[PDB]
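Single chain ahead, written as structure tokens, the form deposited in one PDB entry.
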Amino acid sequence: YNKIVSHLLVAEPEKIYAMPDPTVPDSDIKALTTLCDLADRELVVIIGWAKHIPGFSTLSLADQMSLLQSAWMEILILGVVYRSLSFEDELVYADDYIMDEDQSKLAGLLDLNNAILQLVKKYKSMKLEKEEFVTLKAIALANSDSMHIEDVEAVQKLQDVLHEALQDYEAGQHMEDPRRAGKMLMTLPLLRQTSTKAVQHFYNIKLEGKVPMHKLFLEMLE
């Protein structure tokens, strides 16, 4: 077991809770408030998590911003997916917040979440392990295709470090399947697809607020 995967496991943020309001009756407005409140608390720990990724904090501050601005929804969704593996037709946003099909219909999220459930179903059949989760998550941040990177070279380096770490691990604990790392990489499109659609929905129903995401990430990064 190599040191990248080992440190990435160590850098996992702790459990966040959504704390839905037991007073408020379940409605479509409730769901968004809960998910909004939970996402904001996750975003704070997601930026701490990034800084422990080897080489991330050596990037320029604009490149740190560009990676997080490109990948934040992918990172949120991957977490939901991983927590959902041992459940059935349900998305585990938090240990205290689980959304089944009817609550997704009510939240206006049915199509999004059915796609997120394809991703869950797919990691189930490959028996996805925590070490692959945290490595795929790190790859998703680094492979996020930002429009404006200052140092293309350093960013490709971080890609290739995390890429090699994934290949390394799979060569290690998965000899039964010499193509498992390639299969892992091939689930990255579905994750970009649902995140692309989720971010678009984020903006359709105007959840961005007043402060643009790039200054929020600048504040959190300092």
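Residues carry their position along the shown sequence, with the first being 1. We call the rigid core the largest set of C-alpha positions that still match within 1.5 Å between the two forms. Only residues modelled in both forms are compared.
Heads up, the form deposited with a partner chain bound isn't pictured, but that's what we're talking about next.
The putative spot formed by 61, 64 and 215 is fully lined by the partner chain in the deposited complex; each residue has a non-hydrogen atom within 4.5 angstroms of it. Put simply, residue 47 is close to the partner chain in the deposited complex: some heavy atom of it is within 4.5 Å. None of the heavy atoms of residue 221 is located within 4.5 Å of the partner chain in the deposited complex.
Although the partner is absent from this view, residue 56 contacts the partner chain in the deposited complex, with a non-hydrogen atom inside 4.5 angstroms. Contact annotation: residue 69 falls within 4.5 Å of the partner chain in the deposited complex, judged by heavy atom distances. No residue of 199, 207, 11, 19 other than 207 has its CA displaced by 2 Å or more between this form and the one not shown when the core is superposed. Look at residue 18 and residue 216: in the deposited complex their Cα atoms come 3 Å or more closer than in this form. In comparison with the shown form, the Cα-Cα distance of residue 217 and residue 200 decreases by at least 3 angstroms in the deposited complex.
In sequence order, 207-222 is the sole run of at least 3 consecutive residues whose Cα positions differ by 2 Å or more between this form and the one not shown once the rigid core is superposed.
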